[PDB]
**Q** 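Before anything else, here's the structure in question.
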Amino acid sequence: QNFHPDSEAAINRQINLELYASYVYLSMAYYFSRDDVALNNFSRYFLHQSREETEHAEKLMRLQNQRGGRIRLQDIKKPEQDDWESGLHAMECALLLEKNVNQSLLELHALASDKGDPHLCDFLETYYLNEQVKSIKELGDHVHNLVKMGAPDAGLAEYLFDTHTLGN
Amino acid sequence: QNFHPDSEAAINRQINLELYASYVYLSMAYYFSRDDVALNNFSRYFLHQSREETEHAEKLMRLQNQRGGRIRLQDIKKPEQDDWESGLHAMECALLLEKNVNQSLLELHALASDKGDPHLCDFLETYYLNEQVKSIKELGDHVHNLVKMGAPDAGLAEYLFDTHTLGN
Amino acid sequence: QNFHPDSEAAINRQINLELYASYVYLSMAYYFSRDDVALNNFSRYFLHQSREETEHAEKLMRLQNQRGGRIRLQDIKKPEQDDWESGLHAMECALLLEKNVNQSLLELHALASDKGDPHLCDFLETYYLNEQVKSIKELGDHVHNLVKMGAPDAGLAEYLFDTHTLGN
Amino acid sequence: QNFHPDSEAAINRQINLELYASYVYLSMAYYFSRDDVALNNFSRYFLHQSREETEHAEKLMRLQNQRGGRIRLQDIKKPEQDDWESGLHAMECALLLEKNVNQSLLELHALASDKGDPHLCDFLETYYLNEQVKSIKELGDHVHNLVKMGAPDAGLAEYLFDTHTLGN
Amino acid sequence: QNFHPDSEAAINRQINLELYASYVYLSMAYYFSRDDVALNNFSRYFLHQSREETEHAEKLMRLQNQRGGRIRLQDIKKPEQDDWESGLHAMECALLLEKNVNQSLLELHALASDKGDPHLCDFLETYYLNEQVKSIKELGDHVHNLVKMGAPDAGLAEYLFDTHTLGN
Amino acid sequence: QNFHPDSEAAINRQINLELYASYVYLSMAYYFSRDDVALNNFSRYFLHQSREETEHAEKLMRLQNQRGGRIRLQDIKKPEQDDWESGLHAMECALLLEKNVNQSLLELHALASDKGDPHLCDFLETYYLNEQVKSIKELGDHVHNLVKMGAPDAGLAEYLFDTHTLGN
Amino acid sequence: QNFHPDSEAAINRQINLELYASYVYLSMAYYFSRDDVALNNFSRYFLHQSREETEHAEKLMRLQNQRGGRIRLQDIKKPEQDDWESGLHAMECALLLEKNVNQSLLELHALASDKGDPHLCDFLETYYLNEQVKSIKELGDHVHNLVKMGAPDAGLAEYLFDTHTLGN
Ligand SMILES: [Cl-]
Ligand SMILES: [Cl-]
Ligand SMILES: [Cl-]
Ligand SMILES: [Cl-]
Ligand SMILES: [Cl-]
Ligand SMILES: [Cl-]
Ligand SMILES: [Cl-]
Ligand SMILES: [Cl-]
Ligand SMILES: [Cl-]
Ligand SMILES: [Cl-]
Ligand SMILES: [Cl-]
Ligand SMILES: [Cl-]
Ligand SMILES: [Cl-]
Ligand SMILES: [Cl-]
Ligand SMILES: [Cl-]
Ligand SMILES: [Cl-]
Ligand SMILES: [Cl-]
Ligand SMILES: [Cl-]
Ligand SMILES: [Cl-]
Ligand SMILES: [Cl-]
Ligand SMILES: [Cl-]
Ligand SMILES: [Cl-]
Ligand SMILES: [Cl-]
Ligand SMILES: [Cl-]
Ligand SMILES: [Cl-]
Ligand SMILES: [Cl-]
Ligand SMILES: [Cl-]
Ligand SMILES: [Cl-]
Ligand SMILES: [Cl-]
Ligand SMILES: [Cl-]
Ligand SMILES: [Cl-]
Ligand SMILES: [Cl-]
Ligand SMILES: [Cl-]
Ligand SMILES: [Cl-]
Ligand SMILES: [Cl-]
Ligand SMILES: [Cl-]
Ligand SMILES: [Cl-]
Ligand SMILES: [Cl-]
Ligand SMILES: [Cl-]
Ligand SMILES: [Cl-]
Ligand SMILES: [Cl-]
Ligand SMILES: [Cl-]
Ligand SMILES: [Cl-]
Ligand SMILES: [Cl-]
Ligand SMILES: [Fe+3]
Ligand SMILES: [Fe+3]
Ligand SMILES: [Fe+3]
Ligand SMILES: [Fe+3]
Ligand SMILES: [Fe+3]
Ligand SMILES: [Fe+3]
Ligand SMILES: [Fe+3]
Ligand SMILES: [Fe+3]
Ligand SMILES: [Fe+3]
Ligand SMILES: [Fe+3]
Ligand SMILES: [Fe+3]
Ligand SMILES: [Fe+3]
Ligand SMILES: [Fe+3]
Ligand SMILES: [Fe+3]
Ligand SMILES: [Fe+3]
Ligand SMILES: [Fe+3]
Ligand SMILES: [Fe+3]
Ligand SMILES: [Fe+3]
Ligand SMILES: [Fe+3]
Ligand SMILES: [Fe+3]
Ligand SMILES: [Fe+3]
Ligand SMILES: [Fe+3]
Ligand SMILES: [Mg+2]
Ligand SMILES: [Mg+2]
Ligand SMILES: [Mg+2]
Ligand SMILES: [Mg+2]
Ligand SMILES: [Mg+2]
Ligand SMILES: [Mg+2]
Ligand SMILES: [Mg+2]
Ligand SMILES: [Mg+2]
Ligand SMILES: [Mg+2]
Ligand SMILES: [Mg+2]
Ligand SMILES: [Mg+2]
Ligand SMILES: [Mg+2]
Ligand SMILES: [Mg+2]
Ligand SMILES: [Mg+2]
Ligand SMILES: [Mg+2]
Ligand SMILES: [Mg+2]
Ligand SMILES: [Mg+2]
Ligand SMILES: [Mg+2]
Ligand SMILES: [Mg+2]
Ligand SMILES: [Mg+2]
Ligand SMILES: [Mg+2]
Ligand SMILES: [Mg+2]
Ligand SMILES: [Mg+2]
Ligand SMILES: [Mg+2]
Ligand SMILES: [Mg+2]
Ligand SMILES: [Mg+2]
Ligand SMILES: [Mg+2]
Ligand SMILES: [Mg+2]
Ligand SMILES: [Mg+2]
Ligand SMILES: [Mg+2]
Ligand SMILES: [Mg+2]
Ligand SMILES: [Mg+2]
Ligand SMILES: [Mg+2]
Ligand SMILES: [Mg+2]
Ligand SMILES: [Mg+2]
Ligand SMILES: [Mg+2]
Ligand SMILES: [Mg+2]
Ligand SMILES: [Mg+2]
Ligand SMILES: [Mg+2]
Ligand SMILES: [Mg+2]
Ligand SMILES: [Mg+2]
Ligand SMILES: [Mg+2]
Ligand SMILES: [Mg+2]
Ligand SMILES: [Mg+2]
Ligand SMILES: [Mg+2]
Ligand SMILES: [Mg+2]
Ligand SMILES: [Mg+2]
Ligand SMILES: [Mg+2]
Ligand SMILES: [Mg+2]
Ligand SMILES: [Mg+2]
Ligand SMILES: [Mg+2]
Ligand SMILES: [Mg+2]
Ligand SMILES: [Mg+2]
Ligand SMILES: [Mg+2]
Ligand SMILES: [Mg+2]
Ligand SMILES: [Mg+2]
Ligand SMILES: [Mg+2]
Ligand SMILES: [Mg+2]
Ligand SMILES: [Mg+2]
Ligand SMILES: [Mg+2]
Ligand SMILES: [Mg+2]
Ligand SMILES: [Mg+2]
């Protein structure tokens, strides 16, 4: 009922993108626990973000089932980098990733609106759009502090951010 | 991202209006604790409403920060009256104030819809539009009871409403 | 009784100044939670100061009611700046604000003394004058530490002050 | 030390006035428990006020002892009325009594100031002057509500005030 | 019913005498806390007796109300002395006072008997006559011990009685 | 702000006097624990007074810091006596010391009043002037009892005062 | 018994030196709470050291009493500086002070040994000599860390030491 095939396909594309974001964050988590990086709270922060993105994917899979769509999985592409360079660079990449995921969600909302699917619009507004705004704000805050503190070249900056902001 | 400058400005106008509503309610609270009014539960009721309106303003300020807008504060105008005349008159003025704030919020929602900003639309629907409906209903209930009871001329009406309805 | 009209008017002016100080601190709080400032404990510190200044205003409104004066509210002017530049600059501005509020309170005390109003003199001494001294001392301490640490140009100074002194 | 004989005598006069105020309130308490008045919460309210005035007298007696003065007691005059007429009239008389006690305390403060006795000035400001302001405000509130409600001629007014405001 | 006007008047006289006894004991309490007397347990003992005498007065006022009499208050005369000389002398004066109050109560009982008022007779027997006997016995015990111990001239006597008997 | 250099200097003189009073009481405490005096509760009483005087000094040092004055310490002179002769003599000396400290505080209050420094006036009234009155009263009480009991020549007097009044 | 007059005098000199050390530390404590120093944990650290030195003085006074010597107090000289310059300088001065107190205690031990006073030797070894060693070690540790960190010129050094080492 009232579930357009274009919407089914776009949900499937969004599932893949959430799974990709999970993998990017998993890659970052294990970069920060290398013996030549060793920022354990950066590692834990990105591991938590990876697990949140898996939940984002699962909620969309549940939506497909609830609405009678067919889940169609695709390969989860590897992250663009295996070496994330620094805590600052990884935060900047995460910020760009979250902005790109947000744009995809806003395009999905525009499609649902065009198709007169208020249930899908509300689902996105309730579980996705504000979550993306808060995540982009948080990552922007982190980038700003790391830049101001002198990261990555100032030797104390990433260490102190790891211990204070990401320690909690 | 997807935050229109017209929306930024309208949010700033709404912040000011919420702060104005706070000040109106603060003025009313301290009118009801005058030695020649002395309706302590009217006073407490309006003081609580004043504090709620401050929270309404703060949430919009947080939204501006989250979305990357610039908060631009303006003078908070004094309330139209320093003498609120009676418990009935203050309730009628509060009802008109809340209706005017509601109209401003509905205009802000219409602008956000025109600009294709579902995050802002959802923010208003989630935190503002139903809150305004419930507040207008509550104040309308209070006005009706005070009118029926004979306020302000019937000497027992405002006293009994203060002790029973606004006592809790 | 023994409440001079000059004192009534000066109390009304002081109410407005306390409300203005509240607004200044509210503005500062939301500056520090911008995505390009992101000093969350500076933000919380100034938000708490804003709420304290509202209480200062309310106590003076209660005094007006208790003494039989008429509260006369005025517009609450916007703060002089929307961009507070740095944690150091905001602290320096808060220090100057508190010194100006203190001077106004001392002028109010001098007027109450001239009018032979010991109740008003005692009210100011009990709730205002020592509070102002302690606040000026605290803000002076903060300015000194931020200056010594190298704020705002030394990239670690404001971050470390935020995490250690204003974290608690 | 620094205790002027004029101050000793004025303290003794104030002790007598506090004891007189106690007796007035005791008289009122037992008027309201007459079988042809029967307002038990008016009775309890004035009995509590009577006991507070005894404490006011005792604190001044302690001050005389602490400062090395000699307590000189005088007759406690009977109250002006044995029939207090109504709840409204008794409240109006209590308001006038408290205003007269306040004027006496302000005259005592002026004398202590003239004699350069800051300890006595502070004693009065700490324990007496604000207490008098709050008591005058409270009694003024009660008078206003009783007048508005139609007391003493409106048969429900004093009964309802007794049950609601003075019940607590 | 069965309440004779002579009984009403005699109750009013007894109320005044109980209030007078309260004042005598209050005077004694504050004599013992002078810096040149400084017997703090004598002070506390007489303060407690003062408060008991107020209760004796209030019970008679309640009786007047219960029986439909009219309370008619009179001035409360000051105590005969402001300087009570010694702990022994104050105890001897209290003993004489209680004997005089007892004689007045026995005269009141004789009047109630003559008027055939068993309720008043029982009231006096239940709340007053045995209380007076016990108080006279207690004060006689105290006088005897103070005399035997050498008061007031033996420098340790009043001090030791204060610390042991009146300490508790 | 509003802190006169004469006031700064007078506060520094008062700090020294409080420290001197501490030292006097320390000397007395250790006199009473000599093997040829052996009044352990006199010793504890004066040791407690010594520690209170240190707190009096510290509060004035904090005030100097809070107001932006410069603490200027001076030598703490030794007490006038190393042999305090008796419990009575030590109490009489403490009484004279507290009277002299009180006179200095009243002179400091007069200076603060002349300089229009209500914060300093209130500080002294709140923390010092009543504390001095109560201390002078307490020591006067102790002197009176010791004199009446026959101290120092009556062999039981100081022993019994030590065990009863200063035991607690 | 076995208490040499040279030992009595040397104990009296040591009492004075302990009291002097207390005063030095008190001065330092209130330097660190100036509005232009504002290192609150340096302040608390030195205040605690001041109170420990008072206890050191009191134990020697108790020893004099226990052994039958006569306590002879002398003026407590003011500290050499009122401006302690920096956290590093104050620590260096405290280290030198503790070394000088230690030398005095070792000279006192040598005298007690020469006089064949094993009780005094044991008293010093039990309560003083190891305490001095530990205090000198602790202050040396603090000096070393402050020097290495760049104090006083490196703007973060004293602030970070205050928050981490002296915070606890
Ligand atoms: Cl499912
Ligand atoms: Cl695929
Ligand atoms: Cl790469
Ligand atoms: Cl990089
Ligand atoms: Cl880059
Ligand atoms: Cl770094
Ligand atoms: Cl925010
Ligand atoms: Cl404006
Ligand atoms: Cl108007
Ligand atoms: Cl109206
Ligand atoms: Cl109308
Ligand atoms: Cl009404
Ligand atoms: Cl009702
Ligand atoms: Cl109010
Ligand atoms: Cl205006
Ligand atoms: Cl600006
Ligand atoms: Cl700046
Ligand atoms: Cl600047
Ligand atoms: Cl910085
Ligand atoms: Cl007393
Ligand atoms: Cl008289
Ligand atoms: Cl009358
Ligand atoms: Cl009437
Ligand atoms: Cl009338
Ligand atoms: Cl009525
Ligand atoms: Cl009810
Ligand atoms: Cl009754
Ligand atoms: Cl009379
Ligand atoms: Cl007499
Ligand atoms: Cl006698
Ligand atoms: Cl006699
Ligand atoms: Cl005696
Ligand atoms: Cl301080
Ligand atoms: Cl000196
Ligand atoms: Cl001497
Ligand atoms: Cl002597
Ligand atoms: Cl003498
Ligand atoms: Cl003795
Ligand atoms: Cl000892
Ligand atoms: Cl000397
Ligand atoms: Cl120097
Ligand atoms: Cl230095
Ligand atoms: Cl150096
Ligand atoms: Cl440093
Ligand atoms: Fe999470
Ligand atoms: Fe996601
Ligand atoms: Fe995400
Ligand atoms: Fe609420
Ligand atoms: Fe609102
Ligand atoms: Fe509203
Ligand atoms: Fe009711
Ligand atoms: Fe606070
Ligand atoms: Fe304020
Ligand atoms: Fe302030
Ligand atoms: Fe009360
Ligand atoms: Fe009173
Ligand atoms: Fe009163
Ligand atoms: Fe009793
Ligand atoms: Fe009695
Ligand atoms: Fe009696
Ligand atoms: Fe104490
Ligand atoms: Fe003192
Ligand atoms: Fe003292
Ligand atoms: Fe310790
Ligand atoms: Fe030491
Ligand atoms: Fe030491
Ligand atoms: Mg997929
Ligand atoms: Mg997250
Ligand atoms: Mg590939
Ligand atoms: Mg690739
Ligand atoms: Mg919608
Ligand atoms: Mg919704
Ligand atoms: Mg939501
Ligand atoms: Mg969401
Ligand atoms: Mg997220
Ligand atoms: Mg951050
Ligand atoms: Mg605004
Ligand atoms: Mg509400
Ligand atoms: Mg206008
Ligand atoms: Mg207007
Ligand atoms: Mg909702
Ligand atoms: Mg809502
Ligand atoms: Mg509402
Ligand atoms: Mg209603
Ligand atoms: Mg205003
Ligand atoms: Mg504050
Ligand atoms: Mg303007
Ligand atoms: Mg402006
Ligand atoms: Mg105070
Ligand atoms: Mg204050
Ligand atoms: Mg403050
Ligand atoms: Mg600080
Ligand atoms: Mg009197
Ligand atoms: Mg009361
Ligand atoms: Mg008369
Ligand atoms: Mg009369
Ligand atoms: Mg004053
Ligand atoms: Mg005061
Ligand atoms: Mg007060
Ligand atoms: Mg008061
Ligand atoms: Mg009162
Ligand atoms: Mg009322
Ligand atoms: Mg009477
Ligand atoms: Mg008794
Ligand atoms: Mg007479
Ligand atoms: Mg007489
Ligand atoms: Mg019986
Ligand atoms: Mg009985
Ligand atoms: Mg009795
Ligand atoms: Mg006995
Ligand atoms: Mg000094
Ligand atoms: Mg004391
Ligand atoms: Mg000398
Ligand atoms: Mg000397
Ligand atoms: Mg006080
Ligand atoms: Mg005091
Ligand atoms: Mg004291
Ligand atoms: Mg005593
Ligand atoms: Mg010495
Ligand atoms: Mg130590
Ligand atoms: Mg010198
Ligand atoms: Mg020197
Ligand atoms: Mg050995
Ligand atoms: Mg050993
Ligand atoms: Mg050992
Ligand atoms: Mg040791
Ligand atoms: Mg040590
Ligand atoms: Mg260390």
Side-chain angles (χ1 to χ4, degrees), chain C residues 4 7 10-11 14 17 21 52 56 59-60 63 91-145 147-148 165, chain F residues 1-15 18 52-71 73 102 104-134:
Chain C
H4 195 273
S7 293
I11 288 157
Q14 189 70 35
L17 179 66
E52 273 173 3
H56 300 170
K59 286 204 158 51
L60 282 153
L63 172 76
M91 306 266 194
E92 295 170 341
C93 299
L95 178 60
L96 186 66
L97 166 71
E98 291 283 353
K99 278 175 184 179
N100 286 333
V101 174
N102 195 36
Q103 192 57 57
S104 176
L105 286 162
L106 292 166
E107 277 167 8
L108 178 53
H109 191 284
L111 174 66
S113 309
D114 288 350
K115 294 315 168 183
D117 187 347
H119 175 260
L120 180 50
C121 281
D122 171 78
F123 173 88
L124 294 170
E125 289 164 41
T126 290
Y127 294 108
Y128 292 80
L129 299 186
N130 188 229
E131 205 277 345
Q132 282 308 123
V133 162
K134 294 184 299 192
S135 297
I136 290 160
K137 176 62 172 44
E138 176 168 290
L139 287 163
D141 284 2
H142 292 170
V143 169
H144 168 68
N145 276 284
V147 170
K148 169 78 163 343
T165 296
Chain F
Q1 240 182 333
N2 199 215
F3 200 42
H4 195 273
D6 290 358
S7 293
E8 181 190 64
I11 288 157
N12 279 328
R13 292 197 283 281
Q14 189 70 35
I15 287 162
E18 301 290 345
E52 273 173 3
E53 289 313 326
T54 297
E55 185 44 59
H56 300 170
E58 290 197 56
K59 286 204 158 51
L60 282 153
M61 306 155 79
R62 172 177 164 101
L63 172 76
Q64 198 78 285
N65 275 354
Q66 285 177 135
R67 297 289 304 272
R70 291 281 316 260
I71 298 166
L73 297 173
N102 195 36
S104 176
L105 286 162
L106 292 166
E107 277 167 8
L108 178 53
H109 191 284
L111 174 66
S113 309
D114 288 350
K115 294 315 168 183
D117 187 347
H119 175 260
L120 180 50
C121 281
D122 171 78
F123 173 88
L124 294 170
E125 289 164 41
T126 290
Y127 294 108
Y128 292 80
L129 299 186
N130 188 229
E131 205 277 345
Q132 282 308 123
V133 162
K134 294 184 299 192

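Throughout, a chain's letter reflects where its sequence line sits, starting with A, and its residues are numbered from 1.
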**Q** Report the residues that fulfil side chain to side chain contact (heavy atoms under 4.5 Å, CB included) with C:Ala94, sequence neighbours left out, ordered by chain and then residue number.
**A**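 Checked C:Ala94 against side chain to side chain contact (heavy atoms under 4.5 Å, CB included); matches are C:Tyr25, C:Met28, C:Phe46, C:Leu139.
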**Q** Would you mind checking which part of C:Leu124 comes under 4.5 Å of any heavy atom in chain F, side chain (CB onward), backbone (N, CA, C, O), both or neither?
**A**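 Interface part for C:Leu124: neither.
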**Q** Which side chain or backbone donor-acceptor pairs connect chain F with chain C at less than 3.5 Å?
**A**
residue  : atom : partner  : partner atom : Å
F:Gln1   : OE1  : C:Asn102 : ND2          : 3.1
F:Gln1   : NE2  : C:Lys99  : O            : 3.1
F:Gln1   : NE2  : C:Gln103 : OE1          : 3.4
F:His119 : NE2  : C:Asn130 : ND2          : 2.9

